[PDB]
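Below: one structure, written as structure tokens.
Quick reminder, even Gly has a Cβ in these numbers, built from the backbone with ideal geometry, and neighbours come from all protein chains shown. Rule-based calculations on the coordinates, nothing more; no lab input.
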Amino acid sequence: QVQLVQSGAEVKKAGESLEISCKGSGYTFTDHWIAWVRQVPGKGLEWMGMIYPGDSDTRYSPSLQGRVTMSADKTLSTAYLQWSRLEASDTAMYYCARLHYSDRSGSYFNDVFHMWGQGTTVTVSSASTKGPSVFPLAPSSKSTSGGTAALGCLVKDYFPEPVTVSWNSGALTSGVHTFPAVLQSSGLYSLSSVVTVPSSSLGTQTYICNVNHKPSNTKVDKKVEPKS
Amino acid sequence: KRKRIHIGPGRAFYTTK
Amino acid sequence: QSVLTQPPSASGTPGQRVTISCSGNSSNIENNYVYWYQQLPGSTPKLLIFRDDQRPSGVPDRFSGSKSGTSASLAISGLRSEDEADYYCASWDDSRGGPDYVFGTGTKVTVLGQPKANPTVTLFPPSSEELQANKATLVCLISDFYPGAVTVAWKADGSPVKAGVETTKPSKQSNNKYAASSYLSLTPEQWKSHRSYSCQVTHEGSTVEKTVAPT
């Protein structure tokens, strides 16, 4: 059983050093190239480059800034992805893959990434604990559709997750859509909660969204109105 | 060694060794 | 340069057949080998084909690879609900003095479990009170579409903007259709300066557009 087994999740802060590993067994580890592949949550696969355990020759993807490197121990038959100083955008899934395949008729292919590791998930946070700001998403002509209107609460600039939302102290529970959070380049989160309501009632009913963020112990109430 | 990678028909790198 | 271009999404009815293009250069696919990978949600990529059209033992023959010239294709026959995954092509680029591996942009394959539906867009501009706090954000809401795959694109006046955009992965709802959200980050300056900003959403070949101005 040819096997590539990786080291396991790491949660880190921006600026800290890190190593992850990939251990081949049940073959002559020093025979075949090992490569590293990165995948940012929701984005696709990227080639980072490769290492040759035999003589530790490496070839790096043209866009590896030189903060990230590769190494190989002939003793423990293991390969390493290394960082001197992690930053926010290092956050991804990292797989290792060995360059070799053999079909059952003994044929020998030297360019084929058949065997993969389970991945090492790596999280890097670049942000302190911040309670969220809330801003109203007012209903309007452009917002109303027949006898129906959308209004929302923009809950932004918070860390860490999660936040919770409710409308009119829970009394209103339909039809309420609270979307998934988005990660900004500032290291902080945002999300939007929207409700559709009857437009006949837009000038007589009150709408208040309720925002609760436990890590920072903050509660916020915002009244969402039309515009005069 | 067998550090040889064959990238296509009649095309290789690390041919030696 | 160095980018293998794949359509963002593709689709098929069950038992039917879908194909994915993979488009590159003379520096890569034309003369160099090609490989294909399947990536199921949450899981490790699996090699489906190597050296243009060979499939490792253990892989059905309904996966079929072809290549001609500057491009290549992955044929998926006998379309099953378990084929529903992300597909990536790859090959070697030699623009430099050595063997660089490169993956394609990726293709989301959904197996039709219902009928197609185009999305509805609602776009909110920045609120007065966010402007007072000297910040600005445009919120674009994309809802009730199938399959669950869209491309969103923003424009200032009529030109693309890629600064400060993030988009959510689509997820499923109380009409069994997908919804997502996109955010554009701006300065009150930027917002005030331009004629309009637009949020624009492409879905299985159809484009919808909603637009806002600072007035």
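A Gaussian network model of chain C, with springs between Cα atoms under 10 Å, assigns the largest mean-square fluctuation among C:127, C:91, C:77 to C:127.
Based on C-alpha pairs under 8 angstrom that are at least 6 apart in sequence, segment A:127-224 has a relative contact order of 34 percent.
Give the whole-number value, in cubic angstrom per residue, of the convex hull volume spanned by the C-alpha atoms of chain C.
160
With neighbours defined as other Cβ atoms within 10 Å of a residue's Cβ, the residues A:114, A:32 order from fewest to most as A:114, A:32.
Once the other residues with Cβ under 13 Å from the Cβ of residue C:179 are scored (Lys, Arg +1; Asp, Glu -1), what is the net sum?
In short, +2.
Quick check: Cα centre of segment C:1-43 to Cα centre of segment C:102-164, how many Å? Taking the Cα centre of segment C:102-164 as reference, the centre of segment C:1-43 is 24 Å away. Convex hull volume of the Cα atoms of the protein assembly as shown, normalised per residue: 167 Å³. With contacts taken as Cα pairs under 8 Å at a separation of at least 6 residues, chain C carries a relative contact order of 18 percent.
Averaged over C:115-127, how many beta carbons belonging to a partner chain fall within 10 Å of each residue's beta carbon?
Mean shielding count: 3.
For chain C, the mean residue ellipticity at 222 nm estimated from helices alone is -1000 deg cm²/dmol, where every DSSP H run of n ≥ 4 contributes -39500 (n - 2.57) and the total is divided by all residues, rounded to the nearest 500. When the Gaussian network model of chain C links Cα atoms closer than 10 Å, the mean-square fluctuations of C:124, C:63, C:103 top out at C:124.
Close amide H partners of residue C:136, meaning residues 5 or more places away or on another chain with modelled amide H under 5 Å apart, are C:186.
What's the long-distance tail for segment C:46-95, i.e. % of Cα pairs beyond 18 Å? That fraction is 32 percent.
Projected label points at residue B:15 and residue A:168, each 7 Å from Cα along the beta carbon direction, are separated by 7.8 nanometres.
Each Cα pair under 8 Å and six or more residues apart adds its sequence gap; the mean of these over the residue count of chain A is a relative contact order of 17 percent. In loop segments of segment C:163-215 as defined by DSSP, there are no chymotrypsin sites (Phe, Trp or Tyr not before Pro) with at most 15 further C-beta atoms inside 10 Å of their C-beta.
In this simple spin-label model, placing a label point 7 Å from the Cα along the Cα-to-Cβ direction at both residue C:131 and residue A:220 gives a separation of 1.9 nm. Taking only the alpha-carbon positions of segment C:1-113 and ignoring solvent, what does the Debye formula give for the base-10 log of I(q)/I(0) at q = 0.11, 0.14, 0.20 Å⁻¹? For segment C:1-113 at q = 0.11, 0.14, 0.20 Å⁻¹, log10 I(q)/I(0) is -0.33, -0.53, -1.03.
Here the Karplus curve 6.51 cos²θ - 1.76 cosθ + 1.60, taken at θ = phi - 60°, turns the phi angles of segment C:126-136 into couplings of x, 7, 3, 6, 5, 5, 5, 7, 6, 9, 8 Hz, with x standing for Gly and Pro. Listed as lacking a disulfide-compatible partner in chain C: no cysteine, by the criterion of no other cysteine Cβ under 4.7 Å. By DSSP, the beta bridges lying fully in chain A are antiparallel in about 95 percent of cases. Of the residues A:112, A:155, A:122, the one that moves most in a GNM of chain A with alpha-carbon contacts below 10 Å is A:112. Coordinate range of the alpha-carbon atoms in segment A:1-126 per principal axis, descending: 51, 31, 27 Å.
Look at A:50, A:93 and count the other Cβ atoms within 10 Å of each Cβ; fewest to most, that gives A:93, A:50. Extent of segment C:114-215 along its three principal axes (Cα atoms, max minus min coordinate, largest first): 45, 26, 22 Å. Divided by 2.2 N^0.38 Å, where N counts the residues, the Cα radius of gyration of chain A comes to 1.47. From the alpha carbon centroid of chain B to that of segment A:152-228 is 59 Å. Summing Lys and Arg as +1 and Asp and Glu as -1 over all other residues whose Cβ lies under 14 Å from the Cβ of residue C:10 gives a net charge of -1.
All other residues whose Cβ lies under 10 angstrom from that of residue A:7 are scored, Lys and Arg at +1 and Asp and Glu at -1, for a net of -1.
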